[PDB]
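Presented as structure tokens, the chain that follows is alone, the form deposited in one PDB entry.
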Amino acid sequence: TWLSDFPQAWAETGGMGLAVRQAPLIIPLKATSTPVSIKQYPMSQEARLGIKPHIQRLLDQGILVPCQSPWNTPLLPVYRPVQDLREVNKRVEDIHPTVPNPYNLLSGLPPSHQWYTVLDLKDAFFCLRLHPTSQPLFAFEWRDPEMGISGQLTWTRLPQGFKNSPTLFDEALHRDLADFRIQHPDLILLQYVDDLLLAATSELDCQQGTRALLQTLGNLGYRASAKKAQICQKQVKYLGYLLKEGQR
């Protein structure tokens, strides 16, 4: 089965990803920026208990670490933790947005390639490491009132809510898949951040290319959702479109 044949490639069986070929990312600040430290608005016990097991898992995974930082942004409860990074985003130097919009991206799908595989990378941003010099930028406060610990944590990986994460991830995965594209010139590979479409001319080619792509992704340290995957179908949902008989 696809699951048992590629244990490293699936998030369900391969563990949390880590893009081993990608250097830890340095996040340049605007020329005039200084740190901003926003105090954490009190969280209800209900919200704290809701967020707590997620924080603990991320700490166990090494994705969060303790720190002392002159930067601080608030966590809000939505329960899942959502960090308000807007004041950090304002102080980070802009980069050119290189992620294509879906309409333009799908123009690269010719009618000859009607066999599709769709893969969704799980926890994509967390696969990219942050350089230790840039980690303090993303710090937030974490309290366990019944454990005593009050102090800051920060991310060791590219965080959610950071304005440049989609572009930095798209660019990194493009670098990591450049050789795959060269080794498989008869395949069409569309990348939209963590959403991938592979297109082939035949079921057999789509099967062999999907085998090669899963093997490559897993080897590089990325992880796809086995639950959501659409493998070697003539009909798939990709980027909100239904792809069917060359349409949409």
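In this text, the rigid core denotes the largest set of C-alpha atoms whose superposition between the two forms falls within 1.5 Å. Only residues modelled in both forms are compared. One-based numbering along the sequence shown.
Heads up, the form deposited in another entry isn't pictured, but that's what we're talking about next.
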property	result
Moved residue between this form and the one not shown - picked from 100, 161, 166, 136, where its Cα shifts 2 angstroms or more relative to the rigid core	100
C-alpha of residue 45 off by 2 Å or more between this form and the one not shown on rigid core	yes
Post core alignment: residue 178 C-alpha displaced by 2 Å or more between this form and the one not shown	no
Change in CA distance between residue 147 and residue 59 in the other entry, which is 3 Å or more, as closer or farther	closer
Closer or farther: C-alpha pair residue 147/residue 60 in the other entry, relative to this form, given a change of 3 Å or more	closer
Runs in sequence order between this form and the one not shown, three or more residues long, with CA shifts of 2 Å or more on the rigid core	42-46, 97-103, 145-150
